[PDB]
Structure formats: structure tokens, C-alpha cells
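Each of the two blocks below gives one form of the same protein chain as C-alpha cells; they are labelled structure 1 and structure 2.
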Structure 1
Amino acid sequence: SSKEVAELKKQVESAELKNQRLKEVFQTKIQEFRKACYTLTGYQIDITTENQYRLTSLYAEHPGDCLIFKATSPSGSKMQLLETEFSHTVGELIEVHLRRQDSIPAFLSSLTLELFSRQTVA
């Protein structure tokens, strides 16, 4: 009713759908970015609850098949592949691309071409 109260009601309204159009814009954009990265690179990339990175291939044979990478160091980005039920099945690719070449891109590339070549058209 009073000017000082009328003004403070505008200020909460303004801050309400300043945060509420902030969340709905983060959400659309994050999902757009993450989806583009799915369709282009053929990996869903999640931040886990342990702040680690989970990768699931578009050509995954089973739906729970995934790779988990931890950020070793804050400074830039080195990453360690952690052990999953699926990482057990690609020791060949780990030896050639992670141990010897020291290239996660080269590894994930090889892995995408190996999984993609298993997809039946039927």
C-alpha cells in the first residue's frame, strides 16, 4: 500500500524472475550444448555427484556402459580414466591410445569407430 512497500514489492518481483529467467536460460543452453556434443562427438558427458566426468557412447551396446574420468590437477586439464565394468572391455584401446600415445581424443575416436562398426542396420 505505502510507496516504500510498493517499491520493495517491485524489487522482489524483479529479483524473482531475474533468478527464474537465469535458471530457465541456463537449463535450455546447458541442455543444447550437451545435446550438440552428444550428436557431434557421439558421447553424453555428465558431471557426476563426485565431480568426476561420465561418458556414454551414442553406440553403447548396453545402456549402463560408460567411462569415468577424474581431473587429476586444477591447473589446466590432465585427466585419469577410472575403472568401470565397460573400461574392462577396452584394455586394447587403453594400451595403444592412453598408455603409449597419451591421447584421450585418439582413444575416444578409436572407441567410437569400434562401437559404430558393431551397429547392425536391421
Structure 2
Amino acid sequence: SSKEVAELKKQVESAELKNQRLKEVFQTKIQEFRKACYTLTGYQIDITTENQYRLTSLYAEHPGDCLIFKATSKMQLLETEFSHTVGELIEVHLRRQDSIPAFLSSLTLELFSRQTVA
């Protein structure tokens, strides 16, 4: 019937509208969430083209300095130009302490100390 045809055409538009909205509010929310995680923790967390996590510090001293972590429950730090400059931090906190959070926290404080003015 034209009756059912008209009711269904409206349903299709409604269904498409629900999906379209799901796209827009997701976009805004994660960019809000991404900006919040960056301002709070001090690290830019990017999921790279290999399902890897590349991190950039708010206090990075040179553009391009980054840390790359590989995922498998445990996460392995991979080799980067900046990885070599902090071998000392990696030894204390990643191996002895077995704590990525203690590692990144110590790095942030060290980078913040050298970022200061005057």
C-alpha cells in the first residue's frame, strides 16, 4: 500500500538520521576527550598505522621527538631517536620498576624542568 510505503520511507530517513548523528557526536566527544587527555597527562596519544601507540610530550624539546609503544597485556617500547636519549630513565623505571606510568611520569618531570624560563 501507499500507506506502508510512506511510513517506511520516513523510517528509512529516521534510521539514517540516527546513524548520521552518532557520527557527529562521536567526532566532537573524542576530540574533546583527546584534548582533555593531552592537557591533563601531558602526552599526545596517537594510534599509528600499525596499531602502535606513538606518544609526544607537551614538553618535547624538539619537533619530531616521540616514543612508540607496541601492543600485544604488556607493552613494549620500540626504538626511536628519542628512546636512545633516555636510556637511563628506561633502565630505572621500565625494567627495574616494570612501570610505564613511572617511566612517563619521570620523563614529564625531567622535560618540564628543562622547559622552564629564565
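Start at 1 and count along the sequence of structure 1; that gives the residue numbers used here. Heads up, when I say rigid core I mean the largest set of C-alphas that superpose within 1.5 Å between the two forms.
- The Cα shift for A15 between the two structures, taken after rigid core superposition, is 2 angstroms or larger.
- Once the two forms are overlaid on the core, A6 shows a Cα shift of 5.4 Å between the two structures.
- When the core is overlaid, the C-alpha of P63 ends up 1.4 Å from its other position between the two structures.
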